[PDB]
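Asker: Have a look at this one.
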Amino acid sequence: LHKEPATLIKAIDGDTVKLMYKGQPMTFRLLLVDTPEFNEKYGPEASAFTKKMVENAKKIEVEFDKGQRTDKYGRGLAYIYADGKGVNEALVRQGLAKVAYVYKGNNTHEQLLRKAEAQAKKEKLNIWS
Ligand SMILES: Cc1cn([C@H]2C[C@H](OP(=O)(O)O)[C@@H](COP(=O)(O)O)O2)c(=O)[nH]c1=O
Ligand SMILES: [Ca+2]
């Protein structure tokens with residue numbers, strides 16, 4: 001897989017973000033994770049965490065997996081990085097997302113994220129509390 005440039009347009013919630021990618025505005029949905037919706041428990045904390053991560057970043061990158069790059073809603077499906085750090089993994093590591101929506105052929109970072117989830121669950125963090 002390879003990292004490509006993008007710039008923040010706007011934070012949306014825990015696992016969606018609006019980015020400019022190849023010069024066009026797109027909503028991105030983070031692969032392999034699921035944050036609570038804003039109205040659910042840890043929803044607000046998940047949104048705040050992703051917001052801080054992407055807003056503070058000097059450099060946002062998007063990384064597509066091997067499979068479909070857009071979902072049925074026209075959202076881009078990617079791993080997103082903020083100053084080289086995985087947002088997807090950071091959320092799971094902090095117990096603010098669950099590994100989820102693991103579809104065959106877009107699952108390159110599955111095992112890396114499951115290892116993160118295990119540590120968050122061990123630490124009883126947030127969702128796992
Ligand atoms: C993360 C992801 C979600 N989706 C679709 C599946 C779910 O369809 P449904 O809307 O019919 O439930 C929805 C979950 O996204 P959200 O968790 O943002 O709601 O997004 C994909 O198709 N591919 C993906 O990789
Ligand atoms: Ca969600």
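Following the order of the structure tokens, first chain is A, next is B, and so on, with residues numbered from 1 inside each chain and ligands from 1 in the order they appear.
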Output as a PyMOL selection string all residues of chain A that backbone DSSP marks as strand (DSSP E or B).
Answerer: chain A and resi 3-11+16-21+24-30+33-34+60-63+70+76-82+85-86+98-99
Asker: Can you write just those residues out, N, CA, C and O atoms, as a short mmCIF file (atom, residue, chain, number, x, y, z; two decimals), in the first residue's frame?
Answerer:
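Generated output (part26.cif):
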data_model
loop_
_atom_site.label_atom_id
_atom_site.label_comp_id
_atom_site.auth_asym_id
_atom_site.auth_seq_id
_atom_site.Cartn_x
_atom_site.Cartn_y
_atom_site.Cartn_z
N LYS A 3 1.05 5.69 0.68
CA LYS A 3 0.48 6.91 1.20
C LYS A 3 0.40 8.00 0.12
O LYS A 3 1.36 8.21 -0.66
N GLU A 4 -0.74 8.68 0.07
CA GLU A 4 -0.95 9.81 -0.86
C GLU A 4 -1.33 11.05 -0.09
O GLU A 4 -1.97 10.93 0.95
N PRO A 5 -0.98 12.24 -0.63
CA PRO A 5 -1.37 13.49 -0.01
C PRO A 5 -2.85 13.75 0.03
O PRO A 5 -3.58 13.36 -0.86
N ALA A 6 -3.24 14.55 1.01
CA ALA A 6 -4.56 15.14 1.07
C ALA A 6 -4.48 16.29 2.09
O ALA A 6 -3.52 16.35 2.84
N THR A 7 -5.45 17.20 2.08
CA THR A 7 -5.54 18.26 3.12
C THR A 7 -6.88 18.18 3.83
O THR A 7 -7.88 17.76 3.23
N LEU A 8 -6.90 18.53 5.12
CA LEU A 8 -8.14 18.59 5.87
C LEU A 8 -9.01 19.67 5.24
O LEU A 8 -8.56 20.82 5.06
N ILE A 9 -10.26 19.32 5.00
CA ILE A 9 -11.33 20.31 4.85
C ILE A 9 -12.11 20.47 6.15
O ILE A 9 -12.18 21.56 6.69
N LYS A 10 -12.62 19.38 6.71
CA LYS A 10 -13.26 19.50 8.00
C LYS A 10 -13.44 18.19 8.72
O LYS A 10 -13.74 17.20 8.11
N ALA A 11 -13.31 18.22 10.02
CA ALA A 11 -13.58 17.07 10.84
C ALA A 11 -15.05 16.80 10.82
O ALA A 11 -15.81 17.74 10.79
N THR A 16 -15.29 9.51 10.37
CA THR A 16 -15.43 10.19 9.06
C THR A 16 -14.76 11.56 9.09
O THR A 16 -14.82 12.30 10.09
N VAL A 17 -14.24 11.96 7.93
CA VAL A 17 -13.57 13.25 7.83
C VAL A 17 -13.65 13.75 6.38
O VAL A 17 -13.58 12.96 5.41
N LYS A 18 -13.76 15.05 6.23
CA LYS A 18 -13.79 15.64 4.90
C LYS A 18 -12.39 16.09 4.49
O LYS A 18 -11.79 16.90 5.18
N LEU A 19 -11.88 15.53 3.40
CA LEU A 19 -10.52 15.85 2.99
C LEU A 19 -10.55 16.28 1.53
O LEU A 19 -11.44 15.82 0.76
N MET A 20 -9.58 17.12 1.13
CA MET A 20 -9.33 17.34 -0.28
C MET A 20 -8.32 16.30 -0.83
O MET A 20 -7.18 16.24 -0.38
N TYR A 21 -8.72 15.56 -1.84
CA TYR A 21 -7.89 14.45 -2.35
C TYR A 21 -7.85 14.54 -3.87
O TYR A 21 -8.91 14.65 -4.53
N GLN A 24 -10.12 17.42 -5.12
CA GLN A 24 -11.58 17.36 -4.96
C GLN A 24 -11.99 17.08 -3.49
O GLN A 24 -11.34 16.28 -2.81
N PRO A 25 -13.08 17.72 -3.03
CA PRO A 25 -13.59 17.45 -1.68
C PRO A 25 -14.20 16.04 -1.61
O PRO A 25 -14.93 15.65 -2.50
N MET A 26 -13.84 15.26 -0.60
CA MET A 26 -14.44 13.94 -0.43
C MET A 26 -14.62 13.65 1.05
O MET A 26 -13.79 14.03 1.84
N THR A 27 -15.70 12.96 1.42
CA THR A 27 -15.81 12.39 2.76
C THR A 27 -15.11 11.05 2.71
O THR A 27 -15.42 10.21 1.86
N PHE A 28 -14.25 10.83 3.70
CA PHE A 28 -13.55 9.59 3.92
C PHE A 28 -14.12 8.87 5.11
O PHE A 28 -14.35 9.49 6.16
N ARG A 29 -14.37 7.56 4.92
CA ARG A 29 -14.73 6.67 6.02
C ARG A 29 -13.50 5.79 6.34
O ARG A 29 -12.94 5.17 5.42
N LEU A 30 -13.08 5.77 7.59
CA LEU A 30 -11.85 5.06 8.05
C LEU A 30 -12.06 3.56 7.89
O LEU A 30 -13.08 3.03 8.37
N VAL A 33 -12.69 0.11 11.09
CA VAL A 33 -13.09 0.59 12.45
C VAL A 33 -14.55 1.02 12.53
O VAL A 33 -15.17 1.30 11.51
N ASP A 34 -15.07 1.17 13.75
CA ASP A 34 -16.41 1.74 13.92
C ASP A 34 -16.37 2.52 15.26
O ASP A 34 -16.20 1.93 16.33
N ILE A 60 -1.51 15.37 6.33
CA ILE A 60 -2.51 14.31 6.27
C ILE A 60 -2.20 13.45 5.04
O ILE A 60 -1.94 13.99 3.96
N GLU A 61 -2.24 12.13 5.20
CA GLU A 61 -2.10 11.22 4.06
C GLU A 61 -3.24 10.25 4.06
O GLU A 61 -3.77 9.87 5.13
N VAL A 62 -3.57 9.78 2.86
CA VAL A 62 -4.59 8.74 2.73
C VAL A 62 -3.97 7.53 2.05
O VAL A 62 -3.12 7.65 1.15
N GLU A 63 -4.37 6.38 2.54
CA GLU A 63 -3.81 5.15 2.02
C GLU A 63 -4.96 4.19 1.70
O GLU A 63 -5.64 3.72 2.61
N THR A 70 -14.22 3.35 -2.79
CA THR A 70 -15.42 4.11 -2.37
C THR A 70 -16.53 3.17 -1.93
O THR A 70 -16.64 2.06 -2.47
N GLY A 76 -14.99 7.86 0.41
CA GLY A 76 -13.69 7.23 0.20
C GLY A 76 -13.44 6.27 1.35
O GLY A 76 -13.84 6.56 2.50
N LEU A 77 -12.86 5.13 1.05
CA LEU A 77 -12.49 4.14 2.09
C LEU A 77 -10.95 4.07 2.14
O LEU A 77 -10.29 3.54 1.22
N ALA A 78 -10.38 4.53 3.25
CA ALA A 78 -8.92 4.57 3.37
C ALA A 78 -8.45 4.41 4.80
O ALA A 78 -9.20 4.62 5.73
N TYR A 79 -7.14 4.17 4.96
CA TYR A 79 -6.46 4.44 6.22
C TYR A 79 -5.95 5.85 6.16
O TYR A 79 -5.37 6.29 5.16
N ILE A 80 -6.19 6.61 7.23
CA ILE A 80 -5.77 8.00 7.23
C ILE A 80 -4.63 8.20 8.24
O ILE A 80 -4.69 7.67 9.37
N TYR A 81 -3.63 9.01 7.89
CA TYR A 81 -2.45 9.22 8.75
C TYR A 81 -2.28 10.70 9.07
O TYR A 81 -2.52 11.55 8.20
N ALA A 82 -1.92 11.01 10.32
CA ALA A 82 -1.71 12.42 10.68
C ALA A 82 -0.27 12.54 11.18
O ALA A 82 0.10 11.92 12.16
N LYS A 85 1.22 9.15 11.66
CA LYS A 85 0.54 8.28 12.63
C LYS A 85 -0.85 7.87 12.18
O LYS A 85 -1.66 8.72 11.77
N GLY A 86 -1.12 6.57 12.23
CA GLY A 86 -2.46 6.05 11.85
C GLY A 86 -3.56 6.49 12.79
O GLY A 86 -3.62 6.09 13.95
N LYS A 98 -14.08 0.20 17.66
CA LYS A 98 -13.95 -1.27 17.68
C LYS A 98 -13.44 -1.62 16.27
O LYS A 98 -13.81 -0.95 15.32
N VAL A 99 -12.63 -2.69 16.14
CA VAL A 99 -12.31 -3.22 14.79
C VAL A 99 -13.69 -3.72 14.28
O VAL A 99 -14.45 -4.32 15.06
#
Asker: Please return as a count of residues only the residues found within 7 Å of ligand 2, counting only C-alpha atoms and all ligand atoms.
Answerer: 5
Asker: Hey, which of A:113, A:127, A:31, A:96 ends up closest to residue 47 (chain A)? Count only C-alpha atoms.
Answerer: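 Ranked by minimum distance to residue 47 (chain A), first place goes to A:96.
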Asker: Determine the nearest neighbour of ligand 1 from the options A:91, A:1, A:54, A:12, counting only C-alpha atoms and all ligand atoms.
Answerer: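 Of A:91, A:1, A:54, A:12, the one nearest ligand 1, counting only C-alpha atoms and all ligand atoms, is A:12.
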Asker: Considering only C-alpha atoms and all ligand atoms, state which residue in the set A:125, A:90, A:112, A:102 is at the smallest distance from ligand 1.
Answerer: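 Nearest to ligand 1: A:102.
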Asker: Got a sec: who's within 9 Å of residue 66 (chain A), counting only C-alpha atoms, leaving out chain neighbours fewer than 2 positions off, as a PDB file with N, CA, C and O atoms, in the first residue's frame?
Answerer:
ATOM      1  N   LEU A   1       0.890  -1.248   0.000  1.00  0.00           N
ATOM      2  CA  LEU A   1       0.000   0.000   0.000  1.00  0.00           C
ATOM      3  C   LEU A   1       0.876   1.228   0.000  1.00  0.00           C
ATOM      4  O   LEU A   1       2.032   1.167   0.435  1.00  0.00           O
ATOM      5  N   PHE A  64      -5.121   3.838   0.410  1.00  0.00           N
ATOM      6  CA  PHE A  64      -6.179   2.956   0.009  1.00  0.00           C
ATOM      7  C   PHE A  64      -5.678   1.543   0.198  1.00  0.00           C
ATOM      8  O   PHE A  64      -4.474   1.251   0.161  1.00  0.00           O
ATOM      9  N   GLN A  68     -12.117  -2.056  -2.798  1.00  0.00           N
ATOM     10  CA  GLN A  68     -12.922  -0.933  -3.244  1.00  0.00           C
ATOM     11  C   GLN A  68     -12.478   0.322  -2.505  1.00  0.00           C
ATOM     12  O   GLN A  68     -12.129   0.261  -1.334  1.00  0.00           O
ATOM     13  N   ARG A  69     -12.398   1.426  -3.244  1.00  0.00           N
ATOM     14  CA  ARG A  69     -11.891   2.687  -2.701  1.00  0.00           C
ATOM     15  C   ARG A  69     -12.994   3.664  -2.338  1.00  0.00           C
ATOM     16  O   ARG A  69     -12.728   4.715  -1.702  1.00  0.00           O
ATOM     17  N   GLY A 105     -10.246  -8.557   1.037  1.00  0.00           N
ATOM     18  CA  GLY A 105      -9.595  -7.684   0.046  1.00  0.00           C
ATOM     19  C   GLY A 105      -9.398  -6.202   0.386  1.00  0.00           C
ATOM     20  O   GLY A 105      -8.685  -5.505  -0.352  1.00  0.00           O
ATOM     21  N   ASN A 106     -10.051  -5.689   1.448  1.00  0.00           N
ATOM     22  CA  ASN A 106      -9.682  -4.405   2.069  1.00  0.00           C
ATOM     23  C   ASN A 106      -9.349  -4.638   3.540  1.00  0.00           C
ATOM     24  O   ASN A 106      -9.950  -4.028   4.410  1.00  0.00           O
ATOM     25  N   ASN A 107      -8.376  -5.486   3.832  1.00  0.00           N
ATOM     26  CA  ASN A 107      -8.133  -5.805   5.211  1.00  0.00           C
ATOM     27  C   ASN A 107      -6.670  -5.880   5.504  1.00  0.00           C
ATOM     28  O   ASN A 107      -6.260  -6.586   6.400  1.00  0.00           O
ATOM     29  N   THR A 108      -5.860  -5.157   4.729  1.00  0.00           N
ATOM     30  CA  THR A 108      -4.400  -5.201   4.953  1.00  0.00           C
ATOM     31  C   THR A 108      -3.954  -4.985   6.420  1.00  0.00           C
ATOM     32  O   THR A 108      -3.103  -5.721   6.941  1.00  0.00           O
TER      33      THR A 108
END
